[PDB]
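Take a look at the structure set out below.
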Amino acid sequence: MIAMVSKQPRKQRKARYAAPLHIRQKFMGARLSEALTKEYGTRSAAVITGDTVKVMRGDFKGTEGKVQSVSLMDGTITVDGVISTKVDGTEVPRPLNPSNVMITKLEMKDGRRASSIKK
Amino acid sequence: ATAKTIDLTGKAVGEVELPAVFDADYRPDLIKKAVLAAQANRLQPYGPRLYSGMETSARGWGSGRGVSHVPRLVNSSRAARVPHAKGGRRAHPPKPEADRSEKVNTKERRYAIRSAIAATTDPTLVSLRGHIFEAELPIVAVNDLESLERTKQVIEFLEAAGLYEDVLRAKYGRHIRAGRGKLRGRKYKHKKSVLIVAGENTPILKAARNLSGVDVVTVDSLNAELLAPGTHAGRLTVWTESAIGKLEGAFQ
Amino acid sequence: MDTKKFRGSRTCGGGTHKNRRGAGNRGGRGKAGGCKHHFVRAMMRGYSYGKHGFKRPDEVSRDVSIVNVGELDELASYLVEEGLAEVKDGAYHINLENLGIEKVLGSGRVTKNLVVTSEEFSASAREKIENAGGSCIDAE
RNA sequence: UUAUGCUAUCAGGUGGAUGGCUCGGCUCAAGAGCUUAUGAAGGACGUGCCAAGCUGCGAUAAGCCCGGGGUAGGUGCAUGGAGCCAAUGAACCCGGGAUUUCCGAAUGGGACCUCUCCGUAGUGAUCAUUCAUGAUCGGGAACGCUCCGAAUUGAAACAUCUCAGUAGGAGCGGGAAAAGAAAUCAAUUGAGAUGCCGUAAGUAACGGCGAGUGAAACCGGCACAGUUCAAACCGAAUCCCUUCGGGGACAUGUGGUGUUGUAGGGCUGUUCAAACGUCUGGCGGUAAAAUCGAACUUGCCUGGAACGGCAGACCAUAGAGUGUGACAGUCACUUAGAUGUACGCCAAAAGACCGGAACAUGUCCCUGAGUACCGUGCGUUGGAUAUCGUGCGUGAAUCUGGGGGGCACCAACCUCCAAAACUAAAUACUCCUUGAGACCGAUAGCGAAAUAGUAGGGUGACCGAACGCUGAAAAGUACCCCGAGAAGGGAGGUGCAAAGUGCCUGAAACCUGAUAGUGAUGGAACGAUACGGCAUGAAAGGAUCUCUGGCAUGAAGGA
RNA sequence: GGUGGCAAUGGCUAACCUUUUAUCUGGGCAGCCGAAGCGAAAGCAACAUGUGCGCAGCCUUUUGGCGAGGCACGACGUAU
Ligand SMILES: [Mg+2]
Ligand SMILES: [Mg+2]
Ligand SMILES: [Mg+2]
Ligand SMILES: [Mg+2]
Ligand SMILES: [Mg+2]
Ligand SMILES: [Mg+2]
Ligand SMILES: [Mg+2]
Ligand SMILES: [Mg+2]
């Protein structure tokens with residue numbers, strides 16, 4: 001959250017970069033599928049490690065898969081099948097920004113997830 | 002003189018007689034004076050700190066050492082406090098106690114504003130300011146425009162009046178400026194398209210508030226900057242009947 | 001001054017660079033040296049030495065506000081239009097106590113019958129008022 | 001094969017300018033404004049699995065517990081190995097607690113000893129008291145009040161003056177403080193507390209009448225507020241503590257009445273009725289994290305990477321922005337707008353509490369003392385014989401009274417009641433909070449884009465830097481060869497691009513090599529002009545342009 | 001000084017109110033300057049052209065006429 005109380009770019013970037021962990025939970029959000037937003041009452045939500053998502057921008061457009069990892073600090077999500085191959089040859093997973101992905105399937109292992117999407 | 006009243010369909014449905022403010026002469030110089038005065042009056046003081054480069058205790062070494070005579074630190078040779086030493090005070094920097102504001106007398110400022118208002122009727126200057134439109138000036142509208150509460154209705158009215166082209170030009174010519182303006186909060190460089198002047202505070206103020214490059218104001222808050230931004234008269238202004246009826250002695 | 005004009009001229013319109021140093025290139029600070037080396041400038045600008053006269057206290061001294069009979073005669077109709085005076089029997093009855101003026105001086109001519117009442121009239125103002133058929137009355 | 005060299009260009013090294021970016025700085029505005037013996041701020045030392053600096057915390061030691069928000073990851077600046085914590089809801093933010101070593105107001109004694117001695121276990125000093133208990137001590141960016149108090153400098157010297165009641169010092173102190181309800185200002189008749197703002201005004205006034213210094217009243221505004229004691233008369237009618245038994249203060253006066261000027265109050269009588277104020281109350285506002293909040297991520301093209309070009313579809317009380325692998329209203333955070341909100345803050349209705357205002361009355365009573373005033377000295381002031389302060393000396397009167405009305409005294413007239421006391425708001429400042437900017441953009445802006453008052457310097461008071469940038473993603477160079485080698489080099493690969501670990505672009509100075517010209521007979525401001533040799537002349541320069549001739553007209557001149 | 005506004009029935013407003021957050025619109029007649037000067041002060045108080053010449057300009061038998069501003073007198077206020 002960064003309001004129009006302040007419109008300066010430096011203030012907004014400082015509020016984003018020094019934002020606490022409870023404000024960085026909202027950084028992980030992404031556009032849902034059309035079906036999910038139609039059946040959940042909100043236009044988007046936050047992506048958790050495990051739910052199937054599809055990267056709709058970048059080198060891995062349309063590659064659905066499972067979010068293997070997420071860091072709240074850097075705001076980076078790593079997708080199964082969206083990786084990089086190093087000089088060693090081992091497949092190191094790639095971090096993609098959560099805005100780049102679009103959620104297709106949810107992950108309802110958390111009973112609190114229903115109240116996290118809305119209200 | 003007189004104009005026509007155009008309803009929400011865009012067609013002219015009645016002849017309106019313009020007030021005596023509209024038949025004023027064209028004065029680019031007084032328009033420029035009012036514009037520069039308002040832009041100075043909106044300014045803000047700045048300047049360095051009270052002792053920038055000056056809180057040092059440095060003293061010169063005198064002669065006999067082969068170096069220059071500038072002030073240097075008491076325990077090292079590094080120069081300080083002079084405007085040409087590194088880290089030294091800015092010789093002649095801006096002061097926060099400066100008074101950048103200008104002044105125009107109320108009679109000549111009102112004459113400048115009336116000159117700007119007369120310029121809105123003139124098709125040559127309005128089309129000579131980059132405004133792209135096919136309506137016939139002046140664009141006076143019936144007072145139903147005050148009480149429309151959604152920007153789609155504003156879009157329909159501007160399309161009907163032949164003024165949506167300039168709104169589109171404002172939206173899609175709105176372009177990033179160059180230099181240090183972006184970092185200090187001025188990223189985009191904007192355009193002026195449409196000026197709506199309702200008779201009183203109505204929901205059209207919230208309606209066309211989000212139109213790209215479109216300013217809406219009551220007749221009371223009709224400074225000359227709105228009527229002629231950047232010292233150039235010829236803003237594509239949209240009035241109403243209420244603004245016309247509240248304008249007989251606006252600036253005299 | 002014009003800073004951008006002298007970028008390159010070194011001295012910036014000052015002649016020698018030994019000019020424009022401090023108070024010595026002006027002959028002291030303020031209006032100093034008015035008896036020794038700025039005597040003629042003191043004469044030219046009014047700084048010349050001396051005291052002359054006295055002052056009465058401002059609480060007792062008073063500067064009256066004046067108006068000439070020509071001004072009253074040639075805009076008395078503007079007084080009757082404005083409401084500061086009226087016309088009785090063809091004689092413009094004008095009181096000075098409400099217009100703020102307290103003395104009347106006979107500069108100019110009088111034509112119409114002005115019934116002027118004021119604090120004090122000059123002798124020629126009285127003469128010019130009474131020649132025209134009007135009258136002067138001292139008002140307390 | 002001309003070395004040492006010279007000049008111009010090119011490649012590379014050293015280097016870190018320019019350009020671009022920036023979580024920092026500065027300035028202005030708006031809010032809010034004290035904390036500390038219930039042990040602060042500040043400091044020393046400790047504190048992490050591998051932890052050196054900074055930051056946080058204190059032997060429960062980068063933490064512990066509880067209520068609220070948030071919910072899927074967390075384990076600081078600083079995404080390393082191995083573990084740990086978390087769906088018994090952590091991390092994180094708001095609120096309330098716990099722990100909180102030593103010093104420090106530091107306070108049981110003591111400090112060249114941040115520790116040490118006595119332990120009889122700590123209330124050190126000064127104070128109030130019923131000797132139960134309580135107050136003061138230190139810090140706070142500036143502001144506020146009181147007192148003390150220079151010189152440079154200006155006068156073109158310099159002493160009165162100015163600089164200037166400035167700089168500095170001592171005491172006190174809060175969110176504001178001081179001021180404050182006329183012994184006032186006026187002028188012939190008026191106004192009606194104070195502060196601050198504008199103006200009066202560079203005027204009056206002061207002054208080697210030099211330089212300079214320099215108000216107030218009237219008036220227009222911000223904001224509006226009036227009262228309490230001493231005393232007359234009454235006389236313990238009271239006030240504080242408490243174990244509710246009682247104790248203490250007080251007749252050297254607790255308390256009631258009373259509080260002022262065309263005089264007021266008391267005593268005598270009469271008439272009306274009771275204003276403002278104190279307390280209870282919390283209807284309603286305000287109020288913590290925080291909640292919701294529109295509509296594209298559609299086709300082709302280039303691209304590593306689309307926010308872009310060409311087409312296409314929508315939102316706009318919401319086109320302010322920021323991030324996102326490039327220009328984003330429609331991807332995320334958001335934004336206009338609606339919400340929730342404990343403790344606290346304000347708070348009107350509805351009630352209880354004491355009562356206030358006039359009338360007539362008079363040989364009656366009270367109404368602030370080393371005070372008002374005066375002489376003299378000094379400082380200060382614009383204050384001039386006419387500012388205020390206070391050192392010494394003097395020193396009244398009591399309503400049939402006293403003061404003022406810019407030298408004094410007399411008279412008239414006008415105006416007020418001192419020497420006792422309180423009093424919001426308007427105002428001032430910025431540690432802190434938020435916003436904004438024709439501000440700076442890294443040698444600038446704070447000194448510090450903060451492992452910055454740090455490294456470092458000084459015995460000490462104190463002085464005081466430099467250091468920003470990989471890439472979209474580490475994909476941070478596998479394997480092989482040389483090398484003694486975890487150095488380094490080649491080959492090779494990741495990367496659109498080495499941008500190849502202070503790594504973006506990567507200037508010049510300086511250094512190394514190559515190319516062109518010249519060069520071991522040669523004269524110097526390194527160049528200007530003209531003519532030639534050598535090399536280049538792809539782009540951006542010419543194509544009736546370049547070279548060589550004939551013909552026509554040919555000014556000045558003229559064989 | 002250059003450019004402008006308003007202009008003897010003059011000009012400007014300052015603080016401040018209005019801010020829908022520093023803009024701006026409408027107010028704000030206190031006050032400053034001009035309007036009468038001379039004089040230390042008390043105090044007194046003037047020309048709304050009486051006259052001559054004459055540029056631009058207009059008219060004109062092209063030499064003259066009228067002539068704003070300009071120049072030179074006359075008259076008047078006050079101090080000595
Ligand atoms: Mg600096
Ligand atoms: Mg000279
Ligand atoms: Mg001097
Ligand atoms: Mg204290
Ligand atoms: Mg007081
Ligand atoms: Mg002084
Ligand atoms: Mg928006
Ligand atoms: Mg710096």
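Chains as they are written, first to last, in the authors' numbering: chain BU, 1 to 119; chain BE, 2 to 253; chain BL, 1 to 140.
Beta carbons are placed, not taken as given, at the ideal position from N, Cα and C, and that holds for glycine.
For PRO124 of chain BE, which residues in the same chain have their Cβ closer than 7 angstroms to its Cβ, ignoring the five residues on either side in sequence?
Locating residue 124 of chain BE in the second sequence gives position 123, where the first residue counts as 1. Here the set comprises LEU138.
Give me the subset of the stretch 28 to 61 of chain BE whose CB atoms are less than 7 angstroms from a CB atom of chain BU, sorted by chain position.
So the list is empty, because no residue satisfies the distance condition.
Note the first and the last residue of the continuous alpha helix (DSSP H) segment covering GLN253 of chain BE.
Position 252 of the second sequence, counting from 1, holds the residue named residue 253 of chain BE. Premise fails: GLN253 of chain BE is in no alpha helix (DSSP H) and is neither H nor E.
Give a yes or no on whether the C-beta atoms belonging to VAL64 of chain BL and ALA125 of chain BL are separated by under 7 angstroms.
Position 64 of the third sequence holds residue 64 of chain BL. Position 125 of the third sequence holds residue 125 of chain BL. Not closer than 7 angstroms, so no.
List the residues of chain BU that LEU184 of chain BE touches, going by C-beta distances under 8 angstroms, in chain order.
For the purposes of this step, residue 184 of chain BE is taken as the residue at position 183 of the second sequence. Simply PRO9 and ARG10.
Report the option in BU:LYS61, BU:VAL47, BU:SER44 and BU:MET73 whose CA atom is closest to the CA atom of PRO20 of chain BU.
By 1-based counting over the first sequence, the position of residue 20 of chain BU is 20. Selected option, being the one with the closest Cα: BU:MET73.
Could you give the uninterrupted runs of the alpha helix (DSSP H) lying entirely in the stretch 135 to 170 of chain BE, keeping only those of 4 residues or more?
152 to 162
My guess is that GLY27 of chain BL and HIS37 of chain BL are in contact by the Cβ rule of under 8 angstroms, so how many angstroms apart are they, rounded?
Here residue 27 of chain BL refers to the residue found at position 27 when the third sequence is read from its first residue. Here residue 37 of chain BL refers to the residue found at position 37 when the third sequence is read from its first residue. Yes, they are in contact, since the Cβ atoms of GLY27 of chain BL and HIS37 of chain BL sit about 6 angstroms apart, within 8 angstroms.
Determine the closest residue to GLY186 of chain BE out of BU:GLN8, BU:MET1, BU:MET4 and BU:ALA3, with distance taken between C-alpha atoms.
If you number the second sequence from 1, residue 186 of chain BE lands on position 185. Here the closest residue by C-alpha is BU:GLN8.
What does the Cβ neighbour count give for residue 1 of chain BE, buried or exposed, with the cut at 16 atoms within 10 Å?
The requested residue 1 of chain BE does not occur in the structure, where chain BE is confined to residues 2 to 253.
For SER135 of chain BL, which residues in the same chain have their Cβ closer than 6 angstroms to its Cβ, ignoring the five residues on either side in sequence?
Looking up residue 135 of chain BL in the third sequence gives position 135. Excluding positions up to five away in sequence, the list reads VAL115.
Whose CA, out of BE:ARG151, BE:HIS85, BE:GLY61 and BE:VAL36, lies closest to the CA of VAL75 of chain BE?
The sequence position of residue 75 of chain BE within the second sequence is 74, counting from 1. The shortest Cα separation from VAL75 of chain BE among BE:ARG151, BE:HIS85, BE:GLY61 and BE:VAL36 belongs to BE:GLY61.
Per DSSP, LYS54 of chain BU is paired with what?
Start at 1 with the first residue of the first sequence, and residue 54 of chain BU comes out as number 54. Per DSSP, BU:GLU64 and BU:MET102.
Could you check if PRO57 of chain BL is buried or exposed, using at least 16 other CB atoms within 10 Å of its CB as the buried criterion?
On the third sequence, position 57 is the one that residue 57 of chain BL refers to. Exposed, since its Cβ has fewer than 16 Cβ neighbours within 10 Å.
Going straight from the alpha carbon of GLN40 of chain BE to that of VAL105 of chain BE, what length do you get?
Stepping through the second sequence from its first residue, residue 40 of chain BE is reached at position 39. Stepping through the second sequence from its first residue, residue 105 of chain BE is reached at position 104. Distance between the alpha carbons of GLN40 of chain BE and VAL105 of chain BE is about 12 angstroms.
Residues in the same chain with beta-carbon distance under 7 angstroms from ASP51 of chain BU, minus the five sequence neighbours each way, listed in chain order, please.
Working through the first sequence from its first residue, we reach residue 51 of chain BU at position 51. Result list for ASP51 of chain BU: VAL67, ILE103, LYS105, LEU106 and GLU107, in chain order.
Restricting to Cα atoms, I'd like to know which of BL:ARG41, BL:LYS112 and BL:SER118 is closest to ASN131 of chain BL.
On the third sequence, position 131 is the one that residue 131 of chain BL refers to. Considering only alpha carbons, the answer is BL:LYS112.
Does the separation of the CB atoms of residue 1 of chain BE and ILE205 of chain BE fall below 7 angstroms?
Since the first and last residues shown for chain BE are 2 and 253, residue 1 of chain BE lies out of range.
Starting from the C-beta of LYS34 of chain BE, find all residues in its chain whose C-beta is less than 7 angstroms away, skip the five residues before and the five after it, and write them out in chain order.
Here residue 34 of chain BE is taken as the residue at index 33 of the second sequence, counted from 1. Contacts found: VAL105 and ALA113.
Here's the rule I'm using: 16 or more other beta-carbon atoms within 10 Å means buried, otherwise exposed. How should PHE6 of chain BL be labelled?
Position 6 of the third sequence, counted from the start, is the residue given in the question as residue 6 of chain BL. Exposed: under 16 other Cβ atoms inside 10 Å.
Under 7 angstroms between the Cβ atoms of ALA162 of chain BE and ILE7 of chain BE?
Translated into positions along the second sequence, residue 162 of chain BE becomes position 161. Translated into positions along the second sequence, residue 7 of chain BE becomes position 6. Taking 7 angstroms as the Cβ cut-off, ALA162 of chain BE and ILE7 of chain BE qualify as a contacting pair.
Can you look up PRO230 of chain BE in the DSSP assignment and give me helix, strand or coil?
The sequence position of residue 230 of chain BE within the second sequence is 229, counting from 1. Looking at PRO230 of chain BE - three-state DSSP - the assignment turns out to be helix.
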